[PDB]
Structures are given as structure tokens and as C-alpha cells.
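Working notes, structure below.
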Amino acid sequence: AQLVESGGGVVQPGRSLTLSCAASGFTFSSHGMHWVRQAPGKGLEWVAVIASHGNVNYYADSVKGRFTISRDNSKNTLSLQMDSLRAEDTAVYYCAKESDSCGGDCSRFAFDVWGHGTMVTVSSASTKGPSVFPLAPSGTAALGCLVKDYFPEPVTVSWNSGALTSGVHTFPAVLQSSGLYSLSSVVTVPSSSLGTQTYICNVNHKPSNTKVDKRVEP
Amino acid sequence: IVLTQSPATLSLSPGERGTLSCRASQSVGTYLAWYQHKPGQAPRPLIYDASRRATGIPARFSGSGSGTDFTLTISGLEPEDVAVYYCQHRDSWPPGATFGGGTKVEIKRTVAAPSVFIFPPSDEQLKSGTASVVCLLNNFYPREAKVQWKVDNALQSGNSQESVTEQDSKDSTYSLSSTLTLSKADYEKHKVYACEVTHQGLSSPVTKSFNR
Ligand SMILES: C[C@@H]1O[C@@H](O)[C@H](O)[C@H](O)[C@H]1O
């Protein structure tokens, strides 16, 4: 059994997005359906439920009046209409099926089938590619690249077009007060290689179609 | 209903047995489930109705408890058991679910002091109007670390941000970046930039510094 999840996106505050899940391999109309989310740095949060026959719904206080859950028991789909979006609604969203009864021992109070997760980002920032600055090396040396002031997530970083992987750490992005993200990618290498090996950080930001190859030199 | 999970982080050696606790603010009978969650993946059901293993879940995960006190036992940590584990409750009406805050399970290893590096702002960034100073703490264990910025001996507050990698798949260490952000104006107003690093693998804290 699967719930095949789609939708989401990146929008301005006060705007709207839709999420959808399509049922596969079970009888959709026989089960209550839920949405659950996880915001950055936070735990799982229950969002909403709709009963099997779509006759009753219920919402977390945090989203009541702004999100609308619905289902289509003909197309066997589940929807979450998210209106009036707030920055704190930024999260990975999952759809979830109520667990099965089994003649007494099993309850419907767990979640047995989950959608893969789909990202919703709410921000006043608009799409912007990163600036990329070298972190030049001062037995072991460290060097890196600062990938600054981009939106939205994610960026990808490789070194020497993937040839360098040992010792690489690309840090999670931090959201700056500006609303833009920033991260660093570093690598530690033998001090001997500083003179013979070329180090190039390859930065790709698909939302802005930005690609930067920055050489980092002693 | 509030579900309280402890410990916040559970550190286990490979092969070590571990117990995760979930305590409900009032009785929930056996209506208590457990999920495993890894970044970028959907939560994976482990245990239903306090003690029933979800299909396909190996026996090394077991759930116990009733009423207010619940446990998830991992009889011996395997490397891909590193994850955040959540407990969860729901009842008939009202129908909303509640989750515990999560217990992060990580691999325990020997202490490793960080190697520490500092990076002045590049000429390029300076030419672009802002100044970022970066401090790197490389491959340390455990995760607990303290980084403080000083500019001409003045402790900085509110103008730095930290970021930490997930536990390394090969050597089970963490790495950390701390970045101090100043306007170019303020950056050129001062001379000495210093990063003070405290970690239990270090006898006394390490300072890295440079003159602008
Ligand atoms: C919305 C509905 O409410 C109750 O009838 C039960 O909790 C059921 O499992 C749920 O789907």
C-alpha cells in the first residue's frame, strides 16, 4: 500500500499551496486520512484529519481556519489546501493513513502508510542565486567555500567535480535575518597537496539556475 | 495529552542495548505507537498499540508499557538504526494525534578533539560589502561544543550563527561551523578577530585568531 504524494512549493506569506496524495494498493475510502508535518529544527506535528467517508474533519489549532483538508473517494485522492500561509508553516508535509483494525487487538490510532514528504516554504524572500567566496587555506590544512545569500533551498556543492569526497563537510544551511540562506563547504587535505592539487568547489543552485566553479588557492 | 520523551539524545556503541522512554501526561492505555525517522525520509512505523511490531520490523525493536510509561528497546544498535524516534498517541474523539518531541539515537565512540581553523573574510566578499568570519571545528566527538567570538576582546552576541553536520558515516564524528557576520564598516573598525573553542577533548579551550 502506498500514498503517492505531490505538490507543495515556495510562496510568499499570505499565499496558498495545495498538497495531494493518491492511494495505491488499498481501499482508500475505508480509512481515515491525516496530514503531519515537520518544521526545521522541530519534531513531528499532527496537522489535520478527514474521516473515511469525508463526513467530518478536524484540525490542529495552529492551522484551523487556514488549512482545508478534503478527499475524493472516486479518484482516491487526499488533499490539503493551505491558504493564508505563514513563515512558520514552512515544513516537510506527509500524508498518513490510519492503521487497520484486526478484530479487536489492533486500533486505528497509529499511522501505517506514509507519503514520502513534500516541502512547503513560506517566505517574503524571492529567488536569488548565491555569491561564492573562497575560504583560503591558512600536516593537515583546511580550505572551503562560503555560499552566501541565496533563496530558496537547496544548493548542491561538490569538489573537483566529485573527484574529492574524503574529508568534505558541507554544512546545513542557516536562515539569515535577511531571509536568505548561507552555508559553508569545507575540506581538510594533506598540507602537501596545497601546491600540487587544484581545489575547485562546484556550486549549483537550480531554482535560480546558478552554477559557479570557484578555485580556492593558497 | 502531552508525551514526554527521554533522553533527548541516546548515545549507543555499535551492538549496545538501549532503552528509549515515553511518558504520557495522563493514561493512554496501550494507544501508543513508535516511529523511526531519518532526514529526507518518511517516518517509518515500528510499534503499534504499545507492543505490536509493524510488519517487516526486526525483532531487535521491542515496545513495552501501558498507562503512562512506555519504552522502546533496541537490543543492539546497528549503524542504520541512527535516527530520531518518536512516540505517538491518538484516540477516537476528539481525533487529533499527539507526538513526543523525539529521541535522537546516535553512535557512541571515543572522545575526539576538534581541529580548529579560522578564515578571514575574502577580499572578494569585502569588495561586495559584507564581512563573514568563519571558524571550523573539524571531526570531534561528542557533539557538545562551545564557540565564542571576540573582537578586540569584546565578546560578540547576536551576530553569529552555528551549523553542525550529521554524524559522519565513517568515523562517527561531528563537524561545526560558526560564522560571524559584520558590516564591512564595523569589520574595518577593529583589528583582532578571535574564535574561542571549548570541547571536552581539549584540556583548555583553543583560541584561533588573526589581525585584520
Ligand atoms: C475523523 C474520525 O474521527 C473518529 O471517528 C475517529 O478518530 C476516526 O478514526 C477518525 O478518522
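By order in the C-alpha cells, chains are A, B, ...; within a chain, residues start at 1; ligands start at 1, following the order shown.
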
Env of region 200-205 of chain B: 9 Å cut, atoms = only C-alpha atoms, seq-sep filter 5 positions within chain, self excluded. Answer as a PDB file with N, CA, C and O atoms, in the first residue's frame.
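The file below, selection07.pdb, is the result:
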ATOM      1  N   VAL B 111      36.238   9.833  22.681  1.00  0.00           N
ATOM      2  CA  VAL B 111      36.380  11.278  22.554  1.00  0.00           C
ATOM      3  C   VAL B 111      37.395  11.630  21.466  1.00  0.00           C
ATOM      4  O   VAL B 111      38.429  10.984  21.321  1.00  0.00           O
ATOM      5  N   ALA B 112      37.069  12.663  20.697  1.00  0.00           N
ATOM      6  CA  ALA B 112      37.912  13.181  19.630  1.00  0.00           C
ATOM      7  C   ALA B 112      37.887  14.704  19.713  1.00  0.00           C
ATOM      8  O   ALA B 112      36.820  15.312  19.623  1.00  0.00           O
ATOM      9  N   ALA B 113      39.045  15.327  19.943  1.00  0.00           N
ATOM     10  CA  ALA B 113      39.092  16.781  19.985  1.00  0.00           C
ATOM     11  C   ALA B 113      38.999  17.347  18.577  1.00  0.00           C
ATOM     12  O   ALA B 113      39.507  16.750  17.622  1.00  0.00           O
ATOM     13  N   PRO B 114      38.339  18.500  18.443  1.00  0.00           N
ATOM     14  CA  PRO B 114      38.286  19.113  17.114  1.00  0.00           C
ATOM     15  C   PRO B 114      39.608  19.694  16.671  1.00  0.00           C
ATOM     16  O   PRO B 114      40.369  20.186  17.502  1.00  0.00           O
ATOM     17  N   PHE B 140      35.005  16.055  15.548  1.00  0.00           N
ATOM     18  CA  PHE B 140      35.069  15.939  17.006  1.00  0.00           C
ATOM     19  C   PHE B 140      33.943  15.063  17.545  1.00  0.00           C
ATOM     20  O   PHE B 140      32.933  14.822  16.871  1.00  0.00           O
ATOM     21  N   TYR B 141      34.130  14.563  18.765  1.00  0.00           N
ATOM     22  CA  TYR B 141      33.108  13.768  19.428  1.00  0.00           C
ATOM     23  C   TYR B 141      33.357  13.872  20.930  1.00  0.00           C
ATOM     24  O   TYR B 141      34.504  13.779  21.348  1.00  0.00           O
ATOM     25  N   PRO B 142      32.297  14.051  21.738  1.00  0.00           N
ATOM     26  CA  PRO B 142      30.876  14.152  21.377  1.00  0.00           C
ATOM     27  C   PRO B 142      30.488  15.493  20.786  1.00  0.00           C
ATOM     28  O   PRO B 142      31.331  16.380  20.632  1.00  0.00           O
ATOM     29  N   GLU B 144      28.705  18.045  21.837  1.00  0.00           N
ATOM     30  CA  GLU B 144      28.738  19.255  22.666  1.00  0.00           C
ATOM     31  C   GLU B 144      30.001  20.058  22.455  1.00  0.00           C
ATOM     32  O   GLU B 144      31.109  19.551  22.596  1.00  0.00           O
ATOM     33  N   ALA B 145      29.823  21.321  22.087  1.00  0.00           N
ATOM     34  CA  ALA B 145      30.939  22.209  21.809  1.00  0.00           C
ATOM     35  C   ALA B 145      30.492  23.648  22.045  1.00  0.00           C
ATOM     36  O   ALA B 145      29.310  23.970  21.928  1.00  0.00           O
TER      37      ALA B 145
END

Considering only C-alpha atoms and all ligand atoms, give me a table of residues in chain B that are at most 8 Å from ligand 1, with the closest atom pair and distance in Å for each, as a tab-separated table.
residue	atom	partner	partner_atom_place_in_ligand_line	distance
B:90	CA	ligand 1	7 (O)	7.6
B:91	CA	ligand 1	7 (O)	6.0
B:92	CA	ligand 1	7 (O)	3.8
B:93	CA	ligand 1	7 (O)	5.5
B:94	CA	ligand 1	7 (O)	6.8
B:95	CA	ligand 1	7 (O)	4.2
B:96	CA	ligand 1	7 (O)	7.4

Selection from above, N, CA, C and O atoms, as a PDB file, in the first residue's frame, can you write it?
ATOM      1  N   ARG B  90      -3.192   8.726  19.768  1.00  0.00           N
ATOM      2  CA  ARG B  90      -4.422   9.252  19.208  1.00  0.00           C
ATOM      3  C   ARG B  90      -5.541   8.460  19.855  1.00  0.00           C
ATOM      4  O   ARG B  90      -5.312   7.340  20.310  1.00  0.00           O
ATOM      5  N   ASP B  91      -6.727   9.058  19.907  1.00  0.00           N
ATOM      6  CA  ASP B  91      -7.920   8.352  20.363  1.00  0.00           C
ATOM      7  C   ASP B  91      -9.098   8.746  19.480  1.00  0.00           C
ATOM      8  O   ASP B  91      -8.947   9.521  18.530  1.00  0.00           O
ATOM      9  N   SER B  92     -10.271   8.217  19.805  1.00  0.00           N
ATOM     10  CA  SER B  92     -11.446   8.342  18.948  1.00  0.00           C
ATOM     11  C   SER B  92     -11.932   9.767  18.739  1.00  0.00           C
ATOM     12  O   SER B  92     -12.041  10.238  17.605  1.00  0.00           O
ATOM     13  N   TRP B  93     -12.259  10.450  19.830  1.00  0.00           N
ATOM     14  CA  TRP B  93     -12.875  11.756  19.709  1.00  0.00           C
ATOM     15  C   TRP B  93     -12.634  12.585  20.959  1.00  0.00           C
ATOM     16  O   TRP B  93     -12.974  12.153  22.055  1.00  0.00           O
ATOM     17  N   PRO B  94     -12.037  13.775  20.805  1.00  0.00           N
ATOM     18  CA  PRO B  94     -11.538  14.396  19.571  1.00  0.00           C
ATOM     19  C   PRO B  94     -10.435  13.554  18.933  1.00  0.00           C
ATOM     20  O   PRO B  94      -9.799  12.749  19.613  1.00  0.00           O
ATOM     21  N   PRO B  95     -10.253  13.694  17.616  1.00  0.00           N
ATOM     22  CA  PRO B  95      -9.463  12.703  16.879  1.00  0.00           C
ATOM     23  C   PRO B  95      -8.011  13.087  16.589  1.00  0.00           C
ATOM     24  O   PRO B  95      -7.339  12.344  15.878  1.00  0.00           O
ATOM     25  N   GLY B  96      -7.532  14.209  17.113  1.00  0.00           N
ATOM     26  CA  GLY B  96      -6.188  14.653  16.790  1.00  0.00           C
ATOM     27  C   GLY B  96      -5.098  13.813  17.421  1.00  0.00           C
ATOM     28  O   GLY B  96      -5.258  13.248  18.504  1.00  0.00           O
TER      29      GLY B  96
END

Could you give me, as a PyMOL selection string, the residues within 12 Å of residue 58 (chain A), counting only C-alpha atoms and dropping anything in the same chain fewer than 6 positions from it? (chain A and resi 32-35+46-51+64-65+67-70) or (chain B and resi 92-97)

Write the selection just made, keeping C-alpha atoms, as an mmCIF file, in the first residue's frame?
data_model
loop_
_atom_site.group_PDB
_atom_site.id
_atom_site.type_symbol
_atom_site.label_atom_id
_atom_site.label_comp_id
_atom_site.auth_asym_id
_atom_site.auth_seq_id
_atom_site.Cartn_x
_atom_site.Cartn_y
_atom_site.Cartn_z
ATOM 1 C CA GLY A 32 -9.308 7.981 7.846
ATOM 2 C CA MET A 33 -6.550 10.154 6.386
ATOM 3 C CA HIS A 34 -4.171 12.630 8.018
ATOM 4 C CA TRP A 35 -1.575 15.281 7.356
ATOM 5 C CA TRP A 46 -0.145 16.481 13.588
ATOM 6 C CA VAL A 47 -1.982 18.874 11.228
ATOM 7 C CA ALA A 48 -5.423 17.545 10.209
ATOM 8 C CA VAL A 49 -7.704 14.547 9.730
ATOM 9 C CA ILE A 50 -10.606 13.647 7.470
ATOM 10 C CA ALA A 51 -12.791 10.634 8.202
ATOM 11 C CA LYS A 64 -7.575 25.805 11.878
ATOM 12 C CA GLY A 65 -9.325 28.332 9.648
ATOM 13 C CA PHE A 67 -5.935 24.881 6.000
ATOM 14 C CA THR A 68 -8.713 22.802 4.400
ATOM 15 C CA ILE A 69 -8.463 19.017 4.259
ATOM 16 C CA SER A 70 -10.562 17.134 1.707
ATOM 17 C CA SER B 92 -11.446 8.342 18.948
ATOM 18 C CA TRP B 93 -12.875 11.756 19.709
ATOM 19 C CA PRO B 94 -11.538 14.396 19.571
ATOM 20 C CA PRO B 95 -9.463 12.703 16.879
ATOM 21 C CA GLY B 96 -6.188 14.653 16.790
ATOM 22 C CA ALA B 97 -2.831 12.968 17.235
#

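Minimum distance to chain A across B:210, B:119, B:85, B:149 (counting only C-alpha atoms) occurs at B:119.
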
Which chain B residues are at most 9 Å from chain A (counting only C-alpha atoms), as an MDAnalysis selection string? chainID B and resid 31:34 40:45 47:49 52 54 86 88:92 94:102 117:125 132 134 136 138 161:166 175:177

Okay, now the selection with N, CA and C atoms, as a compact mmCIF listing (two decimals), in the first residue's frame?
# COMPACT_ATOMS: atom_id res chain seq x y z
N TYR B 31 -2.62 2.81 23.71
CA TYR B 31 -2.69 3.58 22.47
C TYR B 31 -1.44 4.44 22.29
N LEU B 32 -0.34 3.77 21.98
CA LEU B 32 0.96 4.42 21.91
C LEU B 32 1.78 3.74 20.80
N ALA B 33 2.19 4.51 19.79
CA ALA B 33 2.96 3.98 18.67
C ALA B 33 4.35 4.58 18.66
N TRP B 34 5.27 3.91 17.97
CA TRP B 34 6.64 4.39 17.81
C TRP B 34 7.00 4.44 16.34
N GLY B 40 15.02 13.39 5.37
CA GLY B 40 14.71 13.16 3.97
C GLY B 40 13.86 11.94 3.67
N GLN B 41 13.40 11.25 4.71
CA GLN B 41 12.55 10.08 4.54
C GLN B 41 11.27 10.22 5.34
N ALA B 42 10.22 9.50 4.93
CA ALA B 42 9.01 9.45 5.73
C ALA B 42 9.26 8.70 7.03
N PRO B 43 8.59 9.13 8.10
CA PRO B 43 8.61 8.33 9.33
C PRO B 43 8.20 6.88 9.03
N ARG B 44 8.89 5.94 9.67
CA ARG B 44 8.69 4.50 9.48
C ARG B 44 8.06 3.92 10.75
N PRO B 45 6.86 3.34 10.63
CA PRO B 45 6.25 2.73 11.83
C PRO B 45 7.06 1.55 12.34
N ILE B 47 6.30 0.25 16.01
CA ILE B 47 5.46 -0.38 17.02
C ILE B 47 4.09 0.24 17.02
N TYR B 48 3.07 -0.61 17.02
CA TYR B 48 1.68 -0.19 17.16
C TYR B 48 1.12 -0.66 18.49
N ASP B 49 0.19 0.11 19.05
CA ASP B 49 -0.54 -0.31 20.25
C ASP B 49 0.40 -0.83 21.34
N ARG B 52 3.01 -4.09 19.64
CA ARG B 52 2.90 -4.88 18.42
C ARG B 52 3.87 -4.37 17.35
N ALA B 54 5.31 -3.55 13.86
CA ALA B 54 4.84 -3.35 12.50
C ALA B 54 5.45 -4.44 11.62
N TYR B 86 10.17 8.73 17.49
CA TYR B 86 9.02 9.46 18.04
C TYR B 86 7.97 8.50 18.56
N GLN B 88 3.79 8.35 19.74
CA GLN B 88 2.60 8.98 19.16
C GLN B 88 1.35 8.40 19.79
N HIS B 89 0.38 9.27 20.06
CA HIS B 89 -0.91 8.84 20.59
C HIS B 89 -2.07 9.43 19.77
N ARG B 90 -3.19 8.73 19.77
CA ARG B 90 -4.42 9.25 19.21
C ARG B 90 -5.54 8.46 19.86
N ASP B 91 -6.73 9.06 19.91
CA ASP B 91 -7.92 8.35 20.36
C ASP B 91 -9.10 8.75 19.48
N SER B 92 -10.27 8.22 19.80
CA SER B 92 -11.45 8.34 18.95
C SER B 92 -11.93 9.77 18.74
N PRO B 94 -12.04 13.77 20.80
CA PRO B 94 -11.54 14.40 19.57
C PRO B 94 -10.43 13.55 18.93
N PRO B 95 -10.25 13.69 17.62
CA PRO B 95 -9.46 12.70 16.88
C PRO B 95 -8.01 13.09 16.59
N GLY B 96 -7.53 14.21 17.11
CA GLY B 96 -6.19 14.65 16.79
C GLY B 96 -5.10 13.81 17.42
N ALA B 97 -3.97 13.73 16.73
CA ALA B 97 -2.83 12.97 17.23
C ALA B 97 -1.84 13.88 17.94
N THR B 98 -1.09 13.28 18.86
CA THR B 98 0.00 13.97 19.54
C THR B 98 1.27 13.14 19.37
N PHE B 99 2.39 13.83 19.24
CA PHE B 99 3.70 13.19 19.16
C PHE B 99 4.58 13.60 20.32
N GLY B 100 5.44 12.69 20.76
CA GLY B 100 6.53 13.10 21.61
C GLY B 100 7.52 13.99 20.86
N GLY B 101 8.45 14.60 21.60
CA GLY B 101 9.40 15.50 20.98
C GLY B 101 10.55 14.82 20.27
N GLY B 102 10.67 13.50 20.41
CA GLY B 102 11.71 12.78 19.70
C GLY B 102 12.92 12.49 20.57
N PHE B 117 40.01 25.79 12.83
CA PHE B 117 40.53 26.67 11.78
C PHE B 117 39.72 27.95 11.75
N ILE B 118 40.38 29.07 11.44
CA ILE B 118 39.69 30.33 11.26
C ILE B 118 39.98 30.90 9.87
N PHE B 119 38.97 31.53 9.28
CA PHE B 119 39.06 32.10 7.94
C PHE B 119 38.61 33.54 7.95
N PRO B 120 39.52 34.47 7.59
CA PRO B 120 39.11 35.87 7.46
C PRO B 120 38.19 36.05 6.26
N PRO B 121 37.43 37.14 6.22
CA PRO B 121 36.64 37.42 5.01
C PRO B 121 37.56 37.57 3.81
N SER B 122 37.10 37.08 2.67
CA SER B 122 37.85 37.18 1.44
C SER B 122 37.85 38.62 0.97
N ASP B 123 38.87 38.97 0.18
CA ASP B 123 38.91 40.27 -0.48
C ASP B 123 37.66 40.45 -1.33
N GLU B 124 37.29 39.38 -2.03
CA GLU B 124 36.11 39.38 -2.89
C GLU B 124 34.84 39.75 -2.12
N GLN B 125 34.61 39.10 -0.98
CA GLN B 125 33.41 39.42 -0.21
C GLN B 125 33.47 40.84 0.31
N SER B 132 32.20 38.16 6.44
CA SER B 132 31.93 36.93 7.18
C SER B 132 33.24 36.33 7.67
N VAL B 134 34.77 32.96 9.43
CA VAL B 134 34.34 31.58 9.66
C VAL B 134 35.31 30.78 10.53
N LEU B 136 35.95 26.86 11.85
CA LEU B 136 35.64 25.45 11.61
C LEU B 136 36.16 24.57 12.73
N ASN B 138 36.55 20.66 13.25
CA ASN B 138 36.53 19.51 12.36
C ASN B 138 36.66 18.17 13.09
N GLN B 161 26.17 32.67 13.71
CA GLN B 161 25.28 31.53 13.53
C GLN B 161 26.14 30.27 13.41
N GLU B 162 25.65 29.18 14.00
CA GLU B 162 26.34 27.90 14.00
C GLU B 162 25.58 26.89 13.16
N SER B 163 26.34 25.95 12.59
CA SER B 163 25.77 24.85 11.83
C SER B 163 26.57 23.58 12.11
N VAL B 164 25.89 22.45 12.28
CA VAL B 164 26.58 21.20 12.63
C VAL B 164 26.18 20.10 11.66
N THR B 165 27.16 19.35 11.17
CA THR B 165 26.87 18.22 10.30
C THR B 165 26.20 17.07 11.03
N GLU B 166 25.55 16.20 10.26
CA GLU B 166 25.10 14.93 10.81
C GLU B 166 26.32 14.07 11.12
N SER B 175 31.15 17.78 12.79
CA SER B 175 31.88 19.00 12.46
C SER B 175 30.94 20.18 12.62
N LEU B 176 31.52 21.34 12.89
CA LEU B 176 30.74 22.54 13.19
C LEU B 176 31.36 23.75 12.51
N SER B 177 30.49 24.60 11.98
CA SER B 177 30.94 25.90 11.50
C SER B 177 30.27 26.98 12.34

Enumerate the residues of chain B with a DSSP assignment of helix (DSSP H, G or I), computed from the backbone, and present them as a ChimeraX atom specification. /B:79-81,123-127,184-187

May I have the residues within 12 Å of residue 104 (chain B) as a list in words, using only C-alpha atoms and disregarding those fewer than 5 positions away in the same chain?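 The filter keeps residues 43 of chain A; 5, 6, 7, 8, 9, 10, 11, 12, 18, 19, 20, 21, 35, 36, 37, 38, 39, 81, 82, 83, 84, 85, 86, 166 and 167 of chain B.
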
Hey, can you spit out that residue selection with C-alpha atoms as a short mmCIF file (atom, residue, chain, number, x, y, z; two decimals), in the first residue's frame?
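Produced file again-v2.cif, reproduced below:
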data_model
loop_
_atom_site.label_atom_id
_atom_site.label_comp_id
_atom_site.auth_asym_id
_atom_site.auth_seq_id
_atom_site.Cartn_x
_atom_site.Cartn_y
_atom_site.Cartn_z
CA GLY A 43 9.55 17.42 15.78
CA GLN B 5 10.42 11.50 25.58
CA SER B 6 13.79 10.92 27.19
CA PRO B 7 16.68 11.04 26.88
CA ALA B 8 16.88 13.83 24.30
CA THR B 9 19.85 12.04 22.74
CA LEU B 10 20.68 8.40 23.34
CA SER B 11 24.29 7.52 22.56
CA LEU B 12 24.93 3.82 21.90
CA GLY B 18 19.44 0.95 24.56
CA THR B 19 16.11 2.00 26.03
CA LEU B 20 14.01 4.97 24.94
CA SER B 21 11.31 6.32 27.28
CA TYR B 35 8.22 5.67 14.57
CA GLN B 36 11.74 5.85 13.24
CA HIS B 37 12.60 8.99 11.30
CA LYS B 38 15.65 9.73 9.19
CA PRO B 39 16.21 13.08 7.46
CA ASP B 81 19.37 2.47 13.46
CA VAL B 82 20.75 6.00 13.80
CA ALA B 83 17.61 8.12 13.55
CA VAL B 84 15.17 10.18 15.59
CA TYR B 85 12.49 8.07 17.28
CA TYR B 86 9.02 9.46 18.04
CA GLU B 166 25.10 14.93 10.81
CA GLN B 167 27.23 12.23 12.40
#
